[PDB]
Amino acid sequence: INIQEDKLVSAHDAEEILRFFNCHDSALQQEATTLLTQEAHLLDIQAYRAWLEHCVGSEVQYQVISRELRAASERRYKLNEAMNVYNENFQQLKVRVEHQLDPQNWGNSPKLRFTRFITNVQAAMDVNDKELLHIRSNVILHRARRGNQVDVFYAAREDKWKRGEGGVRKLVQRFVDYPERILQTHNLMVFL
């Protein structure tokens, strides 16, 4: 991709494309699909401790941004482009998990219902770090609670996964640029 010609494409997005267009390894795509399907299963059943133990690396950065709407031609205004809905290390994820499991989390009674749909999985090993796996995937996340509250979230996830304790591949970075600027879901209190 030439971004001077493809005028709507960001440098960041062009760089990510290049990653997956080269070595395609079908076996790696299959492993990545398994990994993400198992992760989503654990989250959907609200096994948040199991998710941390089995899916999340100690060095993780778990980040979801919301980017301010700016002019496509803008070139002078320079201030912080985005805020962090999430930008969590492992200890901060653990705080959120404890908050979910606390018996005085009144919003969790009656129990929530989560269903996740993971699609468009791509996987590529890092060029320079042969032990770093880049995985991209898209998620639809359906949250239902309290008879008639239904919230559906849509996002693309840029992940890095690496083998950790016991040789288990674990999430070391997730980056989501959330596509809806104003949330119409009451909150973003879900793990994308």
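Each residue number is its position in the shown sequence, starting from 1.
K.L.:
Out of 114-122 and 75-83, which one has CA B-factors that are higher on average in the deposited record?
P.N.:
The stretch with the larger mean CA B-factor is 75-83.
K.L.:
Which is higher in the entry, the mean Cα B factor of 42-50 or that of 124-132?
P.N.:
Stretch with the greater average CA B-factor: 124-132.
K.L.:
Name the one of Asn138, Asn148, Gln29, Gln61 with the greatest CA B-factor according to the PDB entry.
P.N.:
The listed residue with the largest C-alpha B-factor is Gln29.
K.L.:
What's the residue among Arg163, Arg143, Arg157, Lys160 with the greatest CA temperature factor in the PDB record?
P.N.:
In this record, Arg163 carries the highest C-alpha B-factor of the candidates.
K.L.:
Relative to the other modelled residues of the same chain, rank the CA B-factor of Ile1 and answer lowest, middle or highest third.
P.N.:
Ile1: CA B-factor falls in the highest third of its chain.
K.L.:
Looking at the C-alpha B-factor of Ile17, is it in the lowest, middle or highest third of its chain?
P.N.:
Highest third.
K.L.:
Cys23: which third of its chain by C-alpha temperature factor?
P.N.:
Tercile = highest for this residue's CA B-factor.
K.L.:
So where's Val172 on the chain's Cα temperature factor ranking, which third?
P.N.:
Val172: CA B-factor falls in the middle third of its chain.
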